[PDB]
Amino acid sequence: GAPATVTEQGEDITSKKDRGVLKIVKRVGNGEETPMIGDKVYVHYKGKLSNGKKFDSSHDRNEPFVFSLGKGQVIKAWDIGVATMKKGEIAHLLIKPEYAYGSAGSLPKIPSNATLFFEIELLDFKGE
Ligand SMILES: COc1ccc(CC[C@@H](OC(=O)[C@@H]2CCCCN2C(=O)[C@@H](c2ccc(Cl)s2)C2CCCCC2)c2cccc(OCC(=O)O)c2)cc1OC
């Protein structure tokens with residue numbers, strides 16, 4: 001599946017190079033620009049557990065998911081991963097728990113020590 005493909009072919013985009021966030025570009029984006037710390041970023045996403053059985057998608061609305069990049073408003077893996085993305089890029093991320101919900105998890109949906117997968121489409125980004 002797409003998770004195993006990220007395991008096997010994904011780029012490790014962590015500073016520690018600990019394979020905690022692995023990335024495949026599924027669709028190439030436009031130009032060269034990637035978002036700055038503090039930029040408002042606008043994405044669509046589909047997320048799911050690898051180990052267990054849980055799925056959620058932003059397209060559950062015609063409303064992009066928005067956050068401020070690099071401010072700890074989202075799990076660590078998203079701050080790391082979305083920073084690398086160009087406008088219009090789709091990427092797959094496979095995320096070890098250290099870069100997500102760790103040993104606590106987020107009960108009941110997300111167990112302890114859970115690996116997560118996301119497909120992210122970076123729609124746009126804009127400064128304050
Ligand atoms: C700085 O570290 C963290 C920052 C923020 C969080 C909270 C979870 C945080 O979730 C996320 O960071 C990730 C990436 C952004 C999309 C949502 N995220 C999820 O994990 C979602 C997943 C879907 C499928 C999965 Cl499998 S996991 C998760 C699904 C159930 C609700 C919690 C979000 C979050 C940020 C902003 C809004 C939000 O929900 C809507 C709302 O509140 O309006 C939830 C956890 C953090 O660490 C555990």
# chains A, B, ... in the order shown; residues from 1 in each chain; ligands from 1

$ closest_atom_pairs --of "chain A" --to "ligand 1" --cutoff "8 Å" --atoms "only C-alpha atoms and all ligand atoms" --output "Markdown table"
| residue | atom | partner | partner_atom_place_in_ligand_line | distance |
| --- | --- | --- | --- | --- |
| A:45 | CA | ligand 1 | 16 (C) | 7.3 |
| A:46 | CA | ligand 1 | 24 (C) | 6.8 |
| A:47 | CA | ligand 1 | 24 (C) | 3.8 |
| A:48 | CA | ligand 1 | 26 (Cl) | 3.5 |
| A:49 | CA | ligand 1 | 26 (Cl) | 4.2 |
| A:50 | CA | ligand 1 | 26 (Cl) | 7.8 |
| A:54 | CA | ligand 1 | 26 (Cl) | 5.6 |
| A:55 | CA | ligand 1 | 24 (C) | 5.1 |
| A:56 | CA | ligand 1 | 24 (C) | 4.6 |
| A:57 | CA | ligand 1 | 23 (C) | 6.9 |
| A:58 | CA | ligand 1 | 16 (C) | 8.0 |
| A:65 | CA | ligand 1 | 16 (C) | 7.3 |
| A:67 | CA | ligand 1 | 36 (C) | 7.1 |
| A:71 | CA | ligand 1 | 1 (C) | 7.7 |
| A:72 | CA | ligand 1 | 1 (C) | 3.9 |
| A:73 | CA | ligand 1 | 4 (C) | 4.7 |
| A:74 | CA | ligand 1 | 12 (O) | 3.3 |
| A:75 | CA | ligand 1 | 12 (O) | 4.0 |
| A:76 | CA | ligand 1 | 2 (O) | 5.8 |
| A:78 | CA | ligand 1 | 14 (C) | 6.0 |
| A:100 | CA | ligand 1 | 48 (C) | 5.7 |
| A:101 | CA | ligand 1 | 48 (C) | 4.4 |
| A:102 | CA | ligand 1 | 48 (C) | 7.4 |
| A:105 | CA | ligand 1 | 48 (C) | 7.6 |
| A:106 | CA | ligand 1 | 48 (C) | 7.6 |
| A:109 | CA | ligand 1 | 30 (C) | 6.8 |
| A:110 | CA | ligand 1 | 26 (Cl) | 6.8 |
| A:116 | CA | ligand 1 | 26 (Cl) | 5.3 |
| A:117 | CA | ligand 1 | 26 (Cl) | 6.6 |
| A:118 | CA | ligand 1 | 24 (C) | 7.4 |

$ write_last_selection --atoms "N, CA, C and O atoms" --output "tab-separated table (two decimals), in the first residue's frame"
chain	number	residue	atom	x	y	z
A	45	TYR	N	-6.41	17.15	3.08
A	45	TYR	CA	-5.66	16.00	3.57
A	45	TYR	C	-6.57	14.77	3.70
A	45	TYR	O	-7.78	14.87	3.92
A	46	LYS	N	-5.95	13.60	3.58
A	46	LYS	CA	-6.58	12.36	4.02
A	46	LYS	C	-5.60	11.68	4.96
A	46	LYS	O	-4.44	11.49	4.62
A	47	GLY	N	-6.08	11.29	6.13
A	47	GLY	CA	-5.17	10.72	7.12
A	47	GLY	C	-5.71	9.37	7.58
A	47	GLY	O	-6.92	9.17	7.58
A	48	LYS	N	-4.80	8.46	7.96
A	48	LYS	CA	-5.23	7.21	8.53
A	48	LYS	C	-4.13	6.57	9.36
A	48	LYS	O	-2.96	6.89	9.19
A	49	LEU	N	-4.57	5.73	10.31
A	49	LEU	CA	-3.62	4.90	11.03
A	49	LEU	C	-2.97	3.92	10.05
A	49	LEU	O	-3.62	3.46	9.10
A	50	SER	N	-1.71	3.54	10.30
A	50	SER	CA	-1.19	2.33	9.68
A	50	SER	C	-1.56	1.07	10.47
A	50	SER	O	-2.30	0.22	9.96
A	54	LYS	N	-8.67	3.78	11.29
A	54	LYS	CA	-9.25	5.11	11.49
A	54	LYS	C	-8.84	6.00	10.32
A	54	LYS	O	-7.67	6.06	9.98
A	55	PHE	N	-9.80	6.74	9.77
A	55	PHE	CA	-9.57	7.56	8.58
A	55	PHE	C	-10.34	8.87	8.74
A	55	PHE	O	-11.46	8.89	9.24
A	56	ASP	N	-9.73	9.97	8.33
A	56	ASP	CA	-10.42	11.25	8.32
A	56	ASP	C	-9.89	12.08	7.15
A	56	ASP	O	-8.72	11.96	6.81
A	57	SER	N	-10.75	12.92	6.57
A	57	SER	CA	-10.42	13.68	5.37
A	57	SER	C	-11.03	15.08	5.50
A	57	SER	O	-12.18	15.18	5.90
A	58	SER	N	-10.26	16.13	5.13
A	58	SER	CA	-10.74	17.50	5.16
A	58	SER	C	-11.87	17.70	4.14
A	58	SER	O	-12.74	18.54	4.36
A	65	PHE	N	-8.18	23.02	5.22
A	65	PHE	CA	-7.65	23.05	6.56
A	65	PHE	C	-6.56	24.11	6.56
A	65	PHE	O	-5.74	24.11	5.65
A	67	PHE	N	-3.61	26.36	8.93
A	67	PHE	CA	-2.86	26.62	10.16
A	67	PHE	C	-1.67	27.53	9.85
A	67	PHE	O	-1.32	27.72	8.68
A	71	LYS	N	4.59	26.81	14.20
A	71	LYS	CA	4.19	27.43	15.45
A	71	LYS	C	3.67	26.39	16.44
A	71	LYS	O	3.14	26.79	17.48
A	72	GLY	N	3.75	25.10	16.11
A	72	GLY	CA	3.26	24.08	17.04
A	72	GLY	C	1.74	24.04	17.10
A	72	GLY	O	1.15	23.67	18.11
A	73	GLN	N	1.08	24.50	16.02
A	73	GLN	CA	-0.37	24.43	15.95
A	73	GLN	C	-0.86	23.06	15.50
A	73	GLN	O	-2.07	22.81	15.58
A	74	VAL	N	0.05	22.23	14.98
A	74	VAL	CA	-0.23	20.91	14.43
A	74	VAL	C	0.87	19.99	14.96
A	74	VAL	O	1.86	20.46	15.51
A	75	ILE	N	0.71	18.68	14.82
A	75	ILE	CA	1.76	17.73	15.19
A	75	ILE	C	3.07	18.07	14.47
A	75	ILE	O	3.09	18.64	13.36
A	76	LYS	N	4.17	17.67	15.10
A	76	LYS	CA	5.50	18.02	14.65
A	76	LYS	C	5.70	17.65	13.18
A	76	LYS	O	6.28	18.41	12.41
A	78	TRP	N	3.72	17.58	10.73
A	78	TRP	CA	3.09	18.49	9.76
A	78	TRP	C	3.89	19.78	9.62
A	78	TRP	O	4.06	20.31	8.50
A	100	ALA	N	4.18	12.60	16.15
A	100	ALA	CA	2.73	12.66	16.12
A	100	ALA	C	2.23	12.71	17.56
A	100	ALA	O	2.48	13.71	18.22
A	101	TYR	N	1.61	11.62	18.04
A	101	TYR	CA	0.94	11.62	19.34
A	101	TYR	C	1.69	10.78	20.37
A	101	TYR	O	1.23	10.67	21.49
A	102	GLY	N	2.84	10.22	19.98
A	102	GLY	CA	3.70	9.59	20.97
A	102	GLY	C	3.04	8.46	21.76
A	102	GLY	O	2.18	7.72	21.27
A	105	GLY	N	-0.81	8.94	22.79
A	105	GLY	CA	-1.83	8.81	21.76
A	105	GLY	C	-2.84	9.96	21.81
A	105	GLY	O	-2.58	11.04	22.36
A	106	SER	N	-4.02	9.69	21.27
A	106	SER	CA	-5.16	10.58	21.44
A	106	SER	C	-6.41	9.72	21.53
A	106	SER	O	-7.06	9.44	20.52
A	109	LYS	N	-9.48	7.51	19.53
A	109	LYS	CA	-9.26	7.36	18.10
A	109	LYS	C	-7.84	6.86	17.80
A	109	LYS	O	-7.62	6.03	16.91
A	110	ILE	N	-6.85	7.44	18.50
A	110	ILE	CA	-5.46	7.23	18.16
A	110	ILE	C	-4.73	6.57	19.32
A	110	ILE	O	-4.50	7.19	20.35
A	116	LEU	N	1.16	7.11	11.72
A	116	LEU	CA	0.10	7.71	10.93
A	116	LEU	C	0.57	7.89	9.50
A	116	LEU	O	1.75	8.12	9.29
A	117	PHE	N	-0.39	7.91	8.59
A	117	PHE	CA	-0.15	8.20	7.19
A	117	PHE	C	-1.03	9.39	6.80
A	117	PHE	O	-2.24	9.37	7.09
A	118	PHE	N	-0.48	10.30	5.97
A	118	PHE	CA	-1.29	11.37	5.43
A	118	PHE	C	-0.99	11.56	3.97
A	118	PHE	O	0.18	11.58	3.62

$ select_by_dssp --residues "chain A" --states "alpha helix (DSSP H)" --output "PyMOL selection string"
chain A and resi 2-9+76-82

$ closest_residue --among "A:60, A:39, A:119, A:18" --to "residue 89 (chain A)" --atoms "only C-alpha atoms"
A:119

$ atom_distance --atom1 "CA of residue 122 (chain A)" --atom2 "CA of residue 87 (chain A)"
5.5 Å

$ residues_around --residues "residue 126 (chain A)" --least-positions-apart "2" --cutoff "12 Å" --atoms "only C-alpha atoms" --output "list in words"
residues 33, 34, 35, 36, 37, 38, 39, 40, 41, 42, 66, 67, 68, 69, 87, 122, 123, 124 and 128 of chain A

$ write_last_selection --atoms "N, CA, C and O atoms" --output "PDB file, in the first residue's frame"
ATOM      1  N   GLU A  33       8.872  27.866  -4.810  1.00  0.00           N
ATOM      2  CA  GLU A  33       8.626  28.440  -3.484  1.00  0.00           C
ATOM      3  C   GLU A  33       7.968  27.457  -2.514  1.00  0.00           C
ATOM      4  O   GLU A  33       6.973  26.812  -2.864  1.00  0.00           O
ATOM      5  N   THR A  34       8.487  27.441  -1.269  1.00  0.00           N
ATOM      6  CA  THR A  34       7.886  26.740  -0.145  1.00  0.00           C
ATOM      7  C   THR A  34       7.595  27.707   0.996  1.00  0.00           C
ATOM      8  O   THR A  34       8.195  28.756   1.123  1.00  0.00           O
ATOM      9  N   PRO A  35       6.643  27.382   1.899  1.00  0.00           N
ATOM     10  CA  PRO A  35       6.186  28.371   2.882  1.00  0.00           C
ATOM     11  C   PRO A  35       7.195  28.719   3.984  1.00  0.00           C
ATOM     12  O   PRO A  35       8.057  27.911   4.326  1.00  0.00           O
ATOM     13  N   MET A  36       7.029  29.933   4.515  1.00  0.00           N
ATOM     14  CA  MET A  36       7.874  30.498   5.548  1.00  0.00           C
ATOM     15  C   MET A  36       7.237  30.206   6.913  1.00  0.00           C
ATOM     16  O   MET A  36       6.023  30.015   6.972  1.00  0.00           O
ATOM     17  N   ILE A  37       8.053  30.222   7.981  1.00  0.00           N
ATOM     18  CA  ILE A  37       7.544  30.211   9.351  1.00  0.00           C
ATOM     19  C   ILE A  37       6.545  31.358   9.492  1.00  0.00           C
ATOM     20  O   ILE A  37       6.842  32.518   9.159  1.00  0.00           O
ATOM     21  N   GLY A  38       5.357  31.018  10.015  1.00  0.00           N
ATOM     22  CA  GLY A  38       4.332  32.007  10.275  1.00  0.00           C
ATOM     23  C   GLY A  38       3.323  32.157   9.139  1.00  0.00           C
ATOM     24  O   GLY A  38       2.298  32.803   9.356  1.00  0.00           O
ATOM     25  N   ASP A  39       3.636  31.635   7.940  1.00  0.00           N
ATOM     26  CA  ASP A  39       2.707  31.686   6.813  1.00  0.00           C
ATOM     27  C   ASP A  39       1.443  30.901   7.174  1.00  0.00           C
ATOM     28  O   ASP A  39       1.534  29.857   7.833  1.00  0.00           O
ATOM     29  N   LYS A  40       0.285  31.457   6.798  1.00  0.00           N
ATOM     30  CA  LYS A  40      -0.979  30.743   6.823  1.00  0.00           C
ATOM     31  C   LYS A  40      -0.963  29.777   5.644  1.00  0.00           C
ATOM     32  O   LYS A  40      -0.793  30.196   4.489  1.00  0.00           O
ATOM     33  N   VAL A  41      -1.098  28.478   5.971  1.00  0.00           N
ATOM     34  CA  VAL A  41      -1.098  27.447   4.940  1.00  0.00           C
ATOM     35  C   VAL A  41      -2.478  26.811   4.834  1.00  0.00           C
ATOM     36  O   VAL A  41      -3.152  26.591   5.844  1.00  0.00           O
ATOM     37  N   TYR A  42      -2.835  26.482   3.591  1.00  0.00           N
ATOM     38  CA  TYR A  42      -4.137  25.958   3.220  1.00  0.00           C
ATOM     39  C   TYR A  42      -3.971  24.626   2.488  1.00  0.00           C
ATOM     40  O   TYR A  42      -3.335  24.569   1.426  1.00  0.00           O
ATOM     41  N   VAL A  66      -6.579  25.021   7.539  1.00  0.00           N
ATOM     42  CA  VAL A  66      -5.644  26.126   7.624  1.00  0.00           C
ATOM     43  C   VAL A  66      -4.922  26.107   8.964  1.00  0.00           C
ATOM     44  O   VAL A  66      -5.571  25.933  10.002  1.00  0.00           O
ATOM     45  N   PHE A  67      -3.608  26.364   8.935  1.00  0.00           N
ATOM     46  CA  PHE A  67      -2.857  26.620  10.155  1.00  0.00           C
ATOM     47  C   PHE A  67      -1.673  27.531   9.851  1.00  0.00           C
ATOM     48  O   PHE A  67      -1.324  27.718   8.678  1.00  0.00           O
ATOM     49  N   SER A  68      -1.061  28.055  10.924  1.00  0.00           N
ATOM     50  CA  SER A  68       0.164  28.839  10.831  1.00  0.00           C
ATOM     51  C   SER A  68       1.386  27.939  10.924  1.00  0.00           C
ATOM     52  O   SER A  68       1.585  27.177  11.892  1.00  0.00           O
ATOM     53  N   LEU A  69       2.198  27.967   9.859  1.00  0.00           N
ATOM     54  CA  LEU A  69       3.322  27.041   9.759  1.00  0.00           C
ATOM     55  C   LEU A  69       4.405  27.296  10.819  1.00  0.00           C
ATOM     56  O   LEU A  69       4.872  28.416  10.999  1.00  0.00           O
ATOM     57  N   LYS A  87       3.410  24.919  -3.721  1.00  0.00           N
ATOM     58  CA  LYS A  87       2.009  25.100  -4.084  1.00  0.00           C
ATOM     59  C   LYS A  87       1.587  24.066  -5.138  1.00  0.00           C
ATOM     60  O   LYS A  87       2.233  23.938  -6.180  1.00  0.00           O
ATOM     61  N   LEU A 122      -0.981  20.736  -0.781  1.00  0.00           N
ATOM     62  CA  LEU A 122      -0.765  22.126  -0.428  1.00  0.00           C
ATOM     63  C   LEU A 122      -1.458  22.989  -1.458  1.00  0.00           C
ATOM     64  O   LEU A 122      -1.028  23.002  -2.607  1.00  0.00           O
ATOM     65  N   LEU A 123      -2.528  23.660  -1.059  1.00  0.00           N
ATOM     66  CA  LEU A 123      -3.282  24.479  -1.997  1.00  0.00           C
ATOM     67  C   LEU A 123      -2.622  25.845  -2.180  1.00  0.00           C
ATOM     68  O   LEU A 123      -2.540  26.376  -3.304  1.00  0.00           O
ATOM     69  N   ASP A 124      -2.275  26.481  -1.061  1.00  0.00           N
ATOM     70  CA  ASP A 124      -1.804  27.857  -1.071  1.00  0.00           C
ATOM     71  C   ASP A 124      -1.187  28.167   0.283  1.00  0.00           C
ATOM     72  O   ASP A 124      -1.335  27.399   1.231  1.00  0.00           O
ATOM     73  N   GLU A 128       1.135  36.704   7.109  1.00  0.00           N
ATOM     74  CA  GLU A 128       0.207  37.545   7.847  1.00  0.00           C
ATOM     75  C   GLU A 128       0.153  38.947   7.209  1.00  0.00           C
ATOM     76  O   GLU A 128       0.754  39.132   6.116  1.00  0.00           O
TER      77      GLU A 128
END

$ closest_residue --among "A:14, A:51, A:5, A:62" --to "residue 79 (chain A)" --atoms "only C-alpha atoms"
A:14

$ atom_distance --atom1 "CA of residue 115 (chain A)" --atom2 "CA of residue 94 (chain A)"
7.2 Å

$ residues_around --residues "residue 77 (chain A)" --least-positions-apart "6" --cutoff "9 Å" --atoms "only C-alpha atoms" --output "ChimeraX atom specification"
/A:14,20-21,93-96,98-100

$ closest_residue --among "A:120, A:114, A:80, A:91" --to "residue 10 (chain A)" --atoms "only C-alpha atoms"
A:91

$ atom_distance --atom1 "CA of residue 81 (chain A)" --atom2 "CA of residue 63 (chain A)"
20.8 Å

$ select_by_dssp --residues "chain A" --states "strand (DSSP E or B)" --output "PyMOL selection string"
chain A and resi 11-12+21-27+40-49+55-57+65-68+90-95+106+110+116-126

$ closest_residue --among "A:97, A:31, A:111, A:52" --to "residue 85 (chain A)" --atoms "only C-alpha atoms"
A:31
